[PDB]
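For reference, the structure is listed below as structure tokens.
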């Protein structure tokens, strides 16, 4: 009787734990109030209230899988990817592509500071003049020099 | 061959907590249940019976039997509740396996609040452990956070293209 | 394809303290049953 | 924006009103527009920026308590059982 | 202030009762680097209006 | 009988473990679909699948 009662208690505890793990409805109904303006309000109202709200706004949800045996050897992987290292490759890809297709002139001053970037004499011939020869009127208009542009 | 190696190595360690679990060949609980059921004797007691203090002893035995019956009924009810809970959890697992409803939602994740995103992020990458059942379960493990340095040799290839066309 | 990986990689580890549990005392109970005839008495 | 005999109109108070095009959209396949404006060029990433700014605040915010611990309760309430036992023991009839 | 700080953020633990209580834990102090990509967006705005 | 049954169970477990370790055919038939374009598609479609 003592062992059966203990087993029943264990089973009840197991059922409660399983129910807590499975059911997420309570969480779904919770935090409905939270929206963008409350987030701004966090800064506006006391920080401590916000901290308490955050504490219960992202609840401690464990992770578990039933196994026949109590075997578990664990590791952790903190990670980010380096998005900055190849953004400055794609930005310097676009600029190193469009300055080879259409060869746009840059105006640089002392201590190498780049200023605004103008059309060449080549690209106006390469993209605007074919817009003039088959899309617009042909055979009368002359192309502008680069500095005059 | 290194760019997609770069992506397969960042990609397969995205789940931040991995654990390896194994099952031994010692199903003591099942055997114990079988044992207790097997024990549940009566014929010998009946034979002995057929063949003040005696009345009190008989009454005590009857009370004990009643208590045992009550315990058995409670255990059966507990077992039924446990089975129902297990079935519900098992069904919930199938729903859990399918994760992260739409592609658009990922863009939407930026728009919606972070707490909601975190909640969706829990079941969006469910806890899928990596495990192999063993017969002989001695383990000795390791972990290697890794990326390959694809920047240092791209900045070589693009300083190869310029020094090969010139 | 890396920037939304970058954000989802930041997203799934925001909760600072993580822990995992497994079933325990599968057989612990069984010890009492094991420790706890009629034919010999008959 | 009219899809049937397509045009760009403007409305106010339930009345028509003059408008003009200066950065007109790439009207394409079905029921969708694309805009060459500078803001739509950085619309997604500035939504990403607020999606990281409040991510920045929810991650500093939830680990402010400096000492965290996890506690659990086992199913071995020995003390309660012991109290019940001792009470049950508290024999006298046999002595009498 | 310290005295008020003790009860102003009371010791609220994080715990889940278990039936089967084997635990294996971790901790991750974390921030995201919002500076490195704000200084990208503001060097995007100047390079998108020019 | 109890010990022999346990031994038989252990042997069966050992055989299953050995079979899982050895056999790679399932893996070979698996992942046939994967190719260069799917790899590009990974970036194109959602990251999680």
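The set of residues in the stretch D:61-91 that are more than 7 Å from every other protein chain (Cβ to nearest Cβ) and in contact with a helix residue (DSSP H, G or I) (Cβ under 9 Å, 6 or more places away or on another chain) comprises D:76, D:77, D:81. Could you list, in sequence order, all residues of the stretch A:87-121 that are surrounded by fewer than 14 Cβ atoms within 10 Å (Cβ to Cβ), within 20 Å of residue B:162 (Cβ to Cβ) and over 30 Å from the mean Cα position of the chain (by Cα)? Within the stretch A:87-121, A:100, A:101, A:103, A:106, A:108, A:112 qualify.
In contact with a helix residue (DSSP H, G or I) (Cβ under 7 Å, 6 or more places away or on another chain) and either surrounded by fewer than 15 Cβ atoms within 10 Å (Cβ to Cβ) or more than 30 Å from residue F:13 (Cβ to Cβ) (or both) - does that describe any residue in the stretch B:60-67? No; the residues of the stretch B:60-67 include none that is in contact with a helix residue (DSSP H, G or I) (Cβ under 7 Å, 6 or more places away or on another chain) and either surrounded by fewer than 15 Cβ atoms within 10 Å (Cβ to Cβ) or more than 30 Å from residue F:13 (Cβ to Cβ) (or both).
Give just the number: which of (1) closer than 24 Å to residue A:35 by Cβ; (2) within 27 Å of the chain's Cα centre (by Cα) does residue B:135 not satisfy? Only one criterion in (1) closer than 24 Å to residue A:35 by Cβ; (2) within 27 Å of the chain's Cα centre (by Cα) is unmet by residue B:135, namely (1).
Of everything listed in (1) more than 7 Å from every other protein chain (Cβ to nearest Cβ); (2) exposed (fewer than 15 other Cβ atoms within 10 Å of the Cβ), the single unmet condition for residue A:53 is (2). Just one of the numbered conditions (1) surrounded by 11 or more Cβ atoms within 10 Å (Cβ to Cβ); (2) over 30 Å from residue A:12 (Cβ atoms); (3) more than 14 Å from chain F (Cβ to nearest Cβ) is not true of residue B:74: (2).
All conditions but one from (1) touching a helix residue (DSSP H, G or I) at 6+ places or on another chain (Cβ under 9 Å); (2) farther than 30 Å from residue B:28 by Cβ; (3) facing chain B (nearest Cβ under 7 Å) apply to residue A:63; the one that does not is (2). As for the stretch E:21-28, it holds no residue that is touching a helix residue (DSSP H, G or I) at 6+ places or on another chain (Cβ under 9 Å) and either at the interface with another protein chain (Cβ under 7 Å from one of its Cβ atoms) or over 18 Å from residue D:55 (Cα atoms) (or both). Working only within the stretch F:6-39, note down all residues that are loosely packed, with under 10 Cβ neighbours inside 10 Å and part of a helix (DSSP H, G or I). Within the stretch F:6-39, F:19, F:22, F:25, F:26, F:27, F:28, F:29, F:36, F:37 qualify. Across the stretch D:26-60, what is the number of residues that are closer than 24 Å to residue E:50 by Cβ, more than 7 Å from every other protein chain (Cβ to nearest Cβ) and assigned to a loop (DSSP other than H, G, I, E, B)? Total satisfying the criteria: 3.
Quick note: the coordinates plus some simple rules give every number you see, no bench work behind them. When we count neighbours, we look across all protein chains shown, and the Cβ atoms used for this are built from the backbone with ideal geometry, even at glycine.
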